[PDB]
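Chain residues, written in single-letter form:
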Amino acid sequence: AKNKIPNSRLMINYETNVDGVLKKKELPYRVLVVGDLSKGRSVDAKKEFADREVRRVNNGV
Amino acid sequence: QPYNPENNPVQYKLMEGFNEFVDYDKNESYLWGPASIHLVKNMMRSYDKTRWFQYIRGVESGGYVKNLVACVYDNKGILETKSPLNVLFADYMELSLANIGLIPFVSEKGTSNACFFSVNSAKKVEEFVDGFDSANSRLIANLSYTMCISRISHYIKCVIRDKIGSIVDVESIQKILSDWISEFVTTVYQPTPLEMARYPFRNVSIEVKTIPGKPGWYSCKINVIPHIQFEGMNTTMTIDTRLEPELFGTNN
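Residues numbered from 1 in each chain as written, not as in the entry; some residues may be left out. Chains lettered and ligands numbered in written order. Part of a larger assembly, values for the part shown. Heavy atoms only, no water.

The deposited coordinates derive from cryo-EM, with the record listing a resolution of 3.7 Å.

See the structure below:
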């Protein structure tokens, strides 16, 4: 409440606020490969080059 | 306490059966008395024991007022006690009254007791920018000091009357008046409150000086700083984890 509690004679509060600059997780060294894989036969290959979402191979080939 | 047979029985006579005698009350209307009594009845106490009026505030120090006339009654339950005080002031009430210039007679719930936390006059407290000025008004509003400073007036216009005709000087009146009050000024603190409340004041100046024209007349000007009482405090707790870097520091 912004109205704030009425102050007593012995108001103890306990500060729990902490400032600081957040961390940054490392960057995985990405490796792009470009070659004719589908020969023009894939969902992302049949689409225009202006919109081809790059894959990731999170799982495996 | 109103009159019941099982509670506060009327002390009958040695044959006239009277102890079986009730009264008629319920909510809140059976005789009251102003807190001012116990307030003054503590100033008296704070005089026979100590000598000045520091001993009229707080629990450990002055106003405690032990053993009050509570009340109990059996409506349907089992003797539900009734707090001795008119009103059960909370904590911030004790303070939020002191600023209005009032003296709250706060009670300890169930304990059947009380205590005067604040003893302020009706004088405005002001605020001011300059710190000194702000502190002045805080001590002047405080009744307990004006009780003490008053006791110096009862010394001057009372005792110095004896040497009204004696030949005295600027340096002699500063002696008689100071040599007295000197036994009541200290800086060191004594164990326990009572053993220290013997000393109300902290330090005093007494600069008297003769005036032109009137040869046998003078004009004093004292100034007393009383031992400032506790009044409250804020507190911020926190887990620093920077105090002992030997446990959280990089180097390990």
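Don't stop here, the text continues.
Considering the overall build of chain B
Looking only at helices and strands, one finds seven helices and eight strands in chain B. Radius of gyration (C-alpha) of chain B: 27 Å, far over the 18 Å computed for a compact globule of 252 residues. Projected onto its principal axes, the C-alpha positions of chain B cover 80 × 80 × 35 Å. Across chain B, the fraction of contacts at a sequence separation of at least 24, relative to all contacts at a separation of at least 6, is 47%. As presented, chain B carries roughly 17900 Å² of accessible surface, and 58% of it is formed by carbon and sulfur atoms. Measuring between centres, the 25 positive side-chain charges of chain B sit 8 Å from its 28 negative side-chain charges. (Helix = DSSP H or I, 4+ residues; strand = E, 2+ residues; numbered from the N terminus. Rg over C-alpha atoms; globule rule 2.2 N^0.38 Å. Contact = heavy atoms within 4.5 Å. Areas by Shrake-Rupley, 256 points an atom, 1.4 Å probe, with all protein chains shown as cover. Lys, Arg positive; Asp, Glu negative; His and termini not counted. Charge placed at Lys NZ, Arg CZ, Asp CG, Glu CD.)

What about the interface of chain A and chain B?
If you look at the interface, chain A gives ten residues, while chain B gives 17 residues. Both faces considered, chain A and chain B share a buried interface measuring about 1200 Å² in area, 55% of it formed by carbon and sulfur atoms. Where chain A meets chain B, there are zero salt bridges. Counting every contact that joins chain A to chain B gives six residue pairs in polar contact. Classifying every residue of the side of chain A that touches chain B by side-chain character gives five nonpolar, three polar and two charged. (Buried area = accessible area lost by both parts, 1.4 Å probe. Salt bridge = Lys/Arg side-chain N within 4 Å of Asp/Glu carboxyl O. Polar contact = N/O pair within 3.5 Å; in protein donor to acceptor, adjacent residues only side chain to side chain. Nonpolar A, V, L, I, M, F, W, Y, C, P; charged D, E, K, R; others polar.)

Here we look at helix α2 (residues 91–98) of chain B
All names here are of chain B. Listed as buried for α2 are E94, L97 and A98. Projected down its long axis, α2 carries its buried residues within an arc of 105°, all on one side. The secondary structure elements touched by the buried residues of α2 are β3 (106–108). (Buried < 20%, exposed > 50% of the residue type's maximum accessible area, 1.4 Å probe, protein only. Arc of directions from axis to C-beta.)

Points about the side chain of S118(B)
Mapped onto the fold, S118(B) is located in the loop between β4 (113–115) and α3 (131–140). A polar atom in the side chain of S118(B) sits 3.0 Å from the side chain of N120(B). When residues no more than four places from it in sequence are discounted, the contact partners of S118(B) are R9(A), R57(B), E94(B), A98(B), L102(B), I103(B) and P104(B).

What to know about the nonpolar core
Residues and elements named next belong to chain B. Counting residues in each nonpolar core, the largest one holds 25 residues, and the members touching the most others are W180 and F201. At the level of elements, α1 (36–48), α4 (143–159), α5 (170–181) and β5 (201–206) are the ones that each hand at least two residues to this core. With sequence-adjacent residues up to four places away left out, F201 is seen in contact with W52, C148, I149, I152, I181, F184, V185, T186, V224, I225, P226 and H227. (Core = buried A, V, L, I, M, F, W, Y, C linked by side-chain atoms within 4.5 Å.)

As for the side chain of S144(B)
All names here are of chain B. If you trace the backbone, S144 turns up in helix α4. Looking at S144, its side chain comes within polar contact range of the side chain of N142, at 2.3 Å. With residues near it in sequence (within four places) discarded, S144 still touches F53, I56, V119 and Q229.

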